[PDB]
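Everything below concerns the one structure shown next.
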Amino acid sequence: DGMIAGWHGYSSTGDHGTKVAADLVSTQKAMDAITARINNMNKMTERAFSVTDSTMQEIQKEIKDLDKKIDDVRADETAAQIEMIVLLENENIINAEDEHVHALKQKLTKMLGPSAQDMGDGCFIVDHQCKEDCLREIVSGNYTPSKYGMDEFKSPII
Amino acid sequence: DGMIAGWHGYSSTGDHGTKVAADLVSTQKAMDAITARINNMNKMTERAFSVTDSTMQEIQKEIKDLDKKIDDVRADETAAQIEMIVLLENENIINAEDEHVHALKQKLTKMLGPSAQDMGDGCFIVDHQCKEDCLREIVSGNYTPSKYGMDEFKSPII
Amino acid sequence: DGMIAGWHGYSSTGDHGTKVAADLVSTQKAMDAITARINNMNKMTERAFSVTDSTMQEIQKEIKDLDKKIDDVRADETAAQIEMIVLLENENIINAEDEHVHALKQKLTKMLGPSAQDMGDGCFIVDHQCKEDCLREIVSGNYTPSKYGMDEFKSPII
Amino acid sequence: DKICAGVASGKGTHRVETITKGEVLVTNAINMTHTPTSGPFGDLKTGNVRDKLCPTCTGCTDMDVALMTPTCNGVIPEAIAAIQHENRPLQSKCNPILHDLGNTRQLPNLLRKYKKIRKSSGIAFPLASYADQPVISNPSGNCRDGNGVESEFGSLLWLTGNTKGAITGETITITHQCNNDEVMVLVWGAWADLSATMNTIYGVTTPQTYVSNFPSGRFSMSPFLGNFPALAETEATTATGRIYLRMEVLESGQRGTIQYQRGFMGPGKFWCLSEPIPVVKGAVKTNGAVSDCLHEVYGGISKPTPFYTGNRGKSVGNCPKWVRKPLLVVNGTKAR
Amino acid sequence: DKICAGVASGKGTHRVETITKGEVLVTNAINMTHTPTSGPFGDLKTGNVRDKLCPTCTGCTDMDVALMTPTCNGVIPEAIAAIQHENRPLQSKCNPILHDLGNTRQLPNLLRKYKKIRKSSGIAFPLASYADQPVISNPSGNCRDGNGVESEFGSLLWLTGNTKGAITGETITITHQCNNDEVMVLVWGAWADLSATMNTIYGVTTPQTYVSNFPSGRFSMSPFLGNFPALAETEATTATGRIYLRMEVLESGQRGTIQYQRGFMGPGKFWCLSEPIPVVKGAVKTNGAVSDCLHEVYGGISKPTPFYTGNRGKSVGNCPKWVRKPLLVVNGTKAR
Amino acid sequence: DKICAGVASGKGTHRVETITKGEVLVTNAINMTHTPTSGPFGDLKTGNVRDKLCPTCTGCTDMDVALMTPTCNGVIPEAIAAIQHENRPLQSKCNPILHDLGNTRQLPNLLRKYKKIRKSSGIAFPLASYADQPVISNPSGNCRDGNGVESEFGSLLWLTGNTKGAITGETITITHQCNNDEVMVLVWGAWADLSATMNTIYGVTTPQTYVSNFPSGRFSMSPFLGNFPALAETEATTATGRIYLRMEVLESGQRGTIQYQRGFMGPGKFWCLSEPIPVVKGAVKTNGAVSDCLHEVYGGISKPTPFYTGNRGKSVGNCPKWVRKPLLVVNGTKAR
Ligand SMILES: *[C@@H]1O[C@H](CO)[C@@H](O[C@@H]2O[C@H](CO)[C@@H](O)[C@H](O)[C@H]2NC(C)=O)[C@H](O)[C@H]1NC(C)=O
Ligand SMILES: *[C@@H]1O[C@H](CO)[C@@H](O[C@@H]2O[C@H](CO)[C@@H](O)[C@H](O)[C@H]2NC(C)=O)[C@H](O)[C@H]1NC(C)=O
Ligand SMILES: *[C@@H]1O[C@H](CO)[C@@H](O[C@@H]2O[C@H](CO)[C@@H](O)[C@H](O)[C@H]2NC(C)=O)[C@H](O)[C@H]1NC(C)=O
Ligand SMILES: *[C@@H]1O[C@H](CO)[C@@H](O[C@@H]2O[C@H](CO)[C@@H](O)[C@H](O)[C@H]2NC(C)=O)[C@H](O)[C@H]1NC(C)=O
Ligand SMILES: *[C@@H]1O[C@H](CO)[C@@H](O[C@@H]2O[C@H](CO)[C@@H](O)[C@H](O)[C@H]2NC(C)=O)[C@H](O)[C@H]1NC(C)=O
Ligand SMILES: *[C@@H]1O[C@H](CO)[C@@H](O[C@@H]2O[C@H](CO)[C@@H](O)[C@H](O)[C@H]2NC(C)=O)[C@H](O)[C@H]1NC(C)=O
């Protein structure tokens, strides 16, 4: 589903084979979320705020060793935190793929009308041919069931 | 949708215009989750457990400077961690808004019966007028489709 | 629902009372996710990477005190981080229960066909008797509505 | 009809920074930071802040208490925190001591950093164990005790023996004599005087050599005789001589050695210091002031929020933590 | 027809480690780590890296600038970082100083660690305040200034008075004389010479005793007279004697005491050092080199990614942080 | 019929703390913490724990090995960790050394903190380079080697020359002589004896002055002649004199200076120490004991869980980390 251009999209498989169209807005949204997550990892290299008097070298060894120990503990804890944040961000980025597909499913749920059969996998069955023009209208948000002879939702007026 | 009293709620839009009712249980749940998240941020100021001999002032400058460096590194790392927890908790609080709306959607999915049309946006169409009393019954969990002449779910007995 | 063997599963309640079957694949998935989460908590005890010259004991008290302070700050910050990861991982493990049930709901949504009534709670009503064999076919992924006289989804060919 | 579930809109009032959503406009938010307001120094609600070492003994300074002056031997309350109100604590009683020619100027600032400050009965090194056998501790005459009677420092013994004249030098070993969790603080020194007076008292006219070796390292002094700094920090109006002191600290299992020639003033008593407590610099306490936290820049402060945005410094008690920027937390729905 | 929503497949190109999904194959990923490539040392784009203390005063070393040599009294630029290019900075001008017999060898490596290095006009302890009243500062003869005129160290006064002969010793107190946020750096010492020459100049033939007591602790020396190390680090071809120096550092509110006999050379001027700056070890700067970060192992480096996988060391500027392994971030869909 | 998907109930057995759900009752949980049980000290599975410096050389203490005693010159195994079983390591062989009057008492506790302890062949400062040209190293007579032959300390040369009588003093410079990643450890000192004996051997009757200046700072001693502490820590039954030692440490690129008068005992050999290793305090190893972790409070311990709830202390090896409270992890469904 997709990569006509863009990670996210829609497809129509039927008498005409498989046609594909892509949603470049959800794809851009996913790329922006990934960029923002990377942009929140770039701040862990800027955690030095205070500047204290430094300890000079060529002094008592025990003092040199304490200064080195402070720097080595800070560096090891920072590296461990970076590794855990990378693992967590990769997990969140992968989970976002399913969140984005769910949103696309709900978009089809509304646009295709009450007569579309929801198969549970994010696929719907409609009693009409859907060949390219239909996928463009789905991507653009202009699909209207009545154009194809499909039932629309009942109005709230009764 | 809501704030008759409370962030979360239901509305009915039709021949009678728009009526609103609110669910104070889901709203209280959201408020309690936010309070608990804040209550887990108040613990990052209590991470000093051990008390060691302190380093006194008016001593060798290199020793005083190492003590100062330890305090400054700890303070800078703590401030950076606080900023990231605030950003993460704000993201989680915002996402919870959609989790709560989804739960409300499923409550309507069950209460409104098999004949309600699920529009995908958390809105359902029912073939009856729903004017205030219906929203109170929805919020209280006592809505029964048969009261309005709507089909109920089929029993498991067959 | 379940524990015929395994945390996750399906049940059928009707004219024959309540029958239960369990899905050991989703259950194993949950158990593996829990194990992996524990396996990512086991790495914070291995964050010492550098070995510096140690400070010996029986030396100037202020130096001994700075070395002790460094060790005590590191230990207190590590303990606080461990406590927060345990709280966060327990929250994520509990939330996974709903992610797994949702996946099971979608499995039934597809397998039971377009005529099943979706009650919103992950329960569906079907016009046939489902006595053990039907639950085994559901768990194994081989349920076919026509076997019981139920409608399947309309094909995409038209 | 159309029945919808969702959340209600309202006007935005705060914008919250997020990981991936940017600055999200929300209808309400909690401010997690505050700007501290300076207050007076005082106690911390949870317990006593030491301030003065012996608040019930009037007329004495913390240096006089730390030196066990005959009239300053009072009760030291326990405290959970302390304030360093003197950077160079001064002496006002007894014989003049050259506190700026050694490491004893900060003695009162060592005792205060522990919760329990205990005077230990008994001489750190008994008089019967000195090499020139009939050793006595002489009264000073510039240390009057209560009734005008000549006395001596409780912690420091002005020692003389049975002979006079130059000696090779004597060696003593001092072992830890407190409990296992206590640190021992010793004071020892040397009497310096005019060469005529050093000859009259000890039989020597030249500077004498004093050496010590403790875990803190080796110390050596050879006090000059005469041309002393102007008399100060003493009850004496005429002293002629001066005392040179050294502060020594031992922990459990530790030892120290003191090699000494004539003029040596020995340990007379010592402090045993137990549980450490936080110490901040600041003004003395205001009578009746109570706060949640003592900060070095701000005096007593409250903690209305867990974090603050202001000047960084040390703090003791139920203190907020320093952050760099204002922090808001969502407490409402996302704005329309 | 069948209308589906989802994501598209593609070939996997990267594997990403996750918390619970194992190594997930993805179609693209961003490499968050790089291996640094060594470059030359230079500036940091954001400001000056000090390197040499006085880059516009040729013919002088950093040790000569720190000692305020008559011909090395130039302008010290401000810097945001500094490079320690000498572990034992050497002197080339004025009277020989035994820098390896004291703590003054690292003086240039102290001045460079601060952003602002200021020479403070005025003698740290004025000549009028010395005990032997008509004290003068003598020209050396081995410190020529510009025109060949005999001069003296700006920071060190070779002092003589109205008398000669052994003395008991004199005591002076030096107080902090910089601003509240500045640290004061003092230089003082002693003249050692042949006993015939020490007798000719000061009236003494034996070693004299010098003592100081500053926050850093007690210091004592008794310089030997004669049998000096071979002449080095001086413009003199014949010196006969040698200078013994001590470096002292005071912060605001602090004092130090210097007890001294004959042969004492006093503070003549001092440095006031303001805001601290980061310092790394390394080679002098390449003329025209600019980088984002100065690393101790790698010279100037770029930051193409926030993290690096290479040798750990100190770094100054917009530097990447060290990690142990390559780190990839998902930038695509999960692979089929 | 009604076909439902969900999870099954069961009885709750554990309650788990969460971020927003409070204490959630669950049907099962994993206990991530344990209370350590004290065991014997031993090795760590991954390698040797040094314990005694030279376990195959019987009859010697660690101080005798560190001083390179003639009969204690054995093989030092490499180790990944070490145990400090002596707080004041004692000497039992050779001439008495006043280890409590200097900084050499902890020498064995310095060597053990490195993985590789190597004896470096060659004198740190060769005999041919001393000012009084025909310098020899004398046998002691209280250092017998194997066959009863009089010998000397491997690390310390009792030096005499061609003349006797007081001298001005001599100066030597010692440079680093190990590899670039090794730290060099020196021992030097002074012979103190009765003034009659110091006159007989060196031609002097008064205390002599010794000075050193290393990165650790300046050291100075003037050993008293006679009135020595009671003879101890020696194979000698009568010694008359005593040795005063100083321990010096140099890293790559460093130098130190030793100014010395008569009675000087020079460096004879030195230790080169490579990769640092963790060190804990504790009892000597139990023969045959193996554990995953050496803790200071608990001896060898296992790591059944990643975290422990007990007394904090240092630890070496595959150790659990200290936490404040029991920690449970969900391993089941929510309880009904
Ligand atoms: C993830 O990969 C996409 C490519 O699929 C990157 O987007 C491209 O970025 C370059 C700039 O380097 C642009 O010239 C292209 O036009 C972008 N392509 C599209 C389709 O927008 C994206 O930047 C990568 N993510 C990150 C964080 O770098
Ligand atoms: C978030 O805002 C709500 C208000 O909408 C706070 O709830 C109110 O709290 C005050 C006490 O300060 C009570 O007197 C009100 O009755 C509360 N209102 C409701 C509707 O419950 C809530 O406390 C705020 N969140 C936090 C963490 O303080
Ligand atoms: C969570 O509990 C399950 C039991 O329900 C553990 O799985 C069992 O592990 C033991 C080994 O200790 C095996 O012999 C059993 O066969 C396992 N049972 C099943 C059904 O697979 C599981 O290991 C626990 N989780 C963790 C992280 O220990
Ligand atoms: C949240 O609190 C912070 C801290 O009190 C506020 O920031 C300060 O606002 C005052 C004006 O009232 C300024 O004088 C300070 O300089 C500000 N501090 C900083 C660090 O910028 C902030 O405005 C508050 N925000 C809200 C929405 O209440
Ligand atoms: C991501 O970047 C890292 C660091 O540059 C790469 O790892 C290095 O790869 C080079 C070969 O080009 C090796 O010589 C280095 O030894 C590697 N470093 C380490 C720490 O292993 C890594 O291969 C890159 N990965 C991708 C997919 O680009
Ligand atoms: C989880 O493990 C901890 C640590 O072993 C248990 O807490 C200890 O329990 C023993 C009794 O068996 C007490 O004597 C200790 O004092 C407890 N330690 C602490 C820090 O409280 C805890 O009970 C275990 N919990 C479960 C459910 O197994």
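All of this is worked out from the model, or read from it or from the source named; none is laboratory data. Counting neighbours? That spans all protein chains shown, and the Cβs are built from the backbone with ideal geometry, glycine included.
Only residues that are within 12 Å of chain A (Cβ to nearest Cβ) and not β-branched (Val, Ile, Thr): list them for the range B:75-89, please.
Selection gives B:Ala75, B:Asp76, B:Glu77, B:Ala79, B:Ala80, B:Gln81, B:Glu83, B:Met84, B:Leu87, B:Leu88.
Any idea how many residues of the range C:98-140 are part of a helix (DSSP H, G or I), under 21 Å from F:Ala8 (Cα atoms) and among the charged types (D, E, K, R)?
Residues meeting the conditions: 7.
Looking at the range E:78-104 only, could you name the residues that are farther than 27 Å from E:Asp43 by Cα and β-branched (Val, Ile, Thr)?
E:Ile97, E:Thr104
Among F:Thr56, F:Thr33, F:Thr71, F:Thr104, which is more than 16 Å from ligand 5 (Cβ to nearest atom), touching a residue at least 24 places away in the same chain (Cβ under 8 Å) and outside the structural domain of F:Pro223 (by TED's automatic domain parsing)?
After ruling out the rest, the residue left standing is F:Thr33.
May I ask you to say which residue of B:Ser50, B:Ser26, B:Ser11 is away from ligand 5 (no atom under 16 Å from the Cβ), free of Cβ contacts under 8 Å to residues at least 60 places away in the same chain and among the hydroxyl-bearing types (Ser, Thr, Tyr)?
Exactly one of B:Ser50, B:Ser26, B:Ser11 is away from ligand 5 (no atom under 16 Å from the Cβ), free of Cβ contacts under 8 Å to residues at least 60 places away in the same chain and among the hydroxyl-bearing types (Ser, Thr, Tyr), namely B:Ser50.
For residues that are crowded, with 23+ Cβ neighbours inside 10 Å and among the hydroxyl-bearing types (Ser, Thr, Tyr), tally how many sit in the range E:246-278.
Residues flagged as crowded, with 23+ Cβ neighbours inside 10 Å and among the hydroxyl-bearing types (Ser, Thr, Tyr) within the range E:246-278 amount to 1.
More than 16 Å from ligand 3 (Cβ to nearest atom), surrounded by fewer than 22 Cβ atoms within 10 Å (Cβ to Cβ), within 30 Å of C:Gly6 (Cβ to Cβ) and not assigned by TED's automatic domain parsing to the domain that holds F:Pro126: is that true of F:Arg312 in this structure?
Here the answer is no, as F:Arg312 does not meet what is asked.
Do the conditions hold for D:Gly141, that is, is it assigned to a loop (DSSP other than H, G, I, E, B) and within 25 Å of the chain's Cα centre (by Cα)?
no
Which members of the range A:17-39 meet the condition of being surrounded by fewer than 18 Cβ atoms within 10 Å (Cβ to Cβ) and either within 16 Å of ligand 2 (Cβ to nearest atom) or outside any helix (DSSP H, G or I) (or both)?
The answer is A:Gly17, A:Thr18, A:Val20.
So which of A:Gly9, A:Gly17, A:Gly2 is away from ligand 6 (no atom under 16 Å from the Cβ) and touching a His at 6+ places or on another chain (Cβ under 6 Å)?
A:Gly2
Which one is farthest from ligand 4 (Cβ to nearest atom), of the residues in the range C:43-69 that are in a helix (DSSP H, G or I), surrounded by 14 or more Cβ atoms within 10 Å (Cβ to Cβ) and within 31 Å of the chain's Cα centre (by Cα)?
The extreme case among them is C:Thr45.
Does B:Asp72 satisfy the condition of being farther than 30 Å from D:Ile19 by Cα, facing another protein chain (nearest Cβ under 7 Å) and part of a helix (DSSP H, G or I)?
No.
Which residues, counting only those in the range E:111-126, are farther than 19 Å from E:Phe264 by Cα and crowded, with 22+ Cβ neighbours inside 10 Å?
Within the range E:111-126, E:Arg112, E:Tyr114, E:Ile117 meet the criteria.
Check whether at least one residue in the range B:142-153 is buried (at least 18 other Cβ atoms within 10 Å of the Cβ), more than 9 Å from chain A (Cβ to nearest Cβ) and not in a loop (DSSP other than H, G, I, E, B), and report yes or no.
Yes, the range B:142-153 contains at least one residue that is buried (at least 18 other Cβ atoms within 10 Å of the Cβ), more than 9 Å from chain A (Cβ to nearest Cβ) and not in a loop (DSSP other than H, G, I, E, B).
Look through the range E:144-156, keep the residues that are closer than 19 Å to E:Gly263 by Cβ and part of a loop (DSSP other than H, G, I, E, B), and return whichever of them is nearest to the chain's Cα centre (by Cα).
In this case the residue turns out to be E:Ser155.
Could you please find all residues in the range E:301-336 being more than 7 Å from chain A (Cβ to nearest Cβ), more than 15 Å from E:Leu44 (Cα to Cα) and not in a loop (DSSP other than H, G, I, E, B)?
E:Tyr308, E:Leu328
Quick check on my filter: what residues within the range D:191-228 are in contact with a helix residue (DSSP H, G or I) (Cβ under 6 Å, 6 or more places away or on another chain) and buried (at least 22 other Cβ atoms within 10 Å of the Cβ)?
Of everything in the range D:191-228, those that are in contact with a helix residue (DSSP H, G or I) (Cβ under 6 Å, 6 or more places away or on another chain) and buried (at least 22 other Cβ atoms within 10 Å of the Cβ) turn out to be D:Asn213, D:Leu225.
Out of the range F:139-174, which residues are over 17 Å from F:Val187 (Cβ atoms) and either touching a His at 6+ places or on another chain (Cβ under 8 Å) or of a type in the set (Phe, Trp, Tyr) (or both)?
none
Is the range D:45-52 home to any residue that is outside any loop (DSSP other than H, G, I, E, B) and either more than 14 Å from chain B (Cβ to nearest Cβ) or more than 48 Å from the chain's Cα centre (by Cα) (or both)?
Yes, that holds for at least one residue.
I need the full set of residues from the range A:7-19 which are within 8 Å of chain E (Cβ to nearest Cβ) and in contact with a helix residue (DSSP H, G or I) (Cβ under 7 Å, 6 or more places away or on another chain), in order please.
Selection gives A:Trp7, A:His8, A:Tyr10, A:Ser12.
How many residues, within the range F:77-109, are over 21 Å from F:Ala192 (Cβ atoms), aliphatic (A, V, I, L, M) and crowded, with 21+ Cβ neighbours inside 10 Å?
Total meeting the criteria: 4.
Which is hydrophobic (A, V, I, L, M, F, W, C) and surrounded by fewer than 20 Cβ atoms within 10 Å (Cβ to Cβ), of A:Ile158, A:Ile125, A:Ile138?
Only one candidate passes the filter, namely A:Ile158.
How many residues does the range A:46-69 contain that are of a type in the set (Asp, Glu) and at the interface with chain C (Cβ under 8 Å from one of its Cβ atoms)?
Selection size over the range A:46-69: 2.
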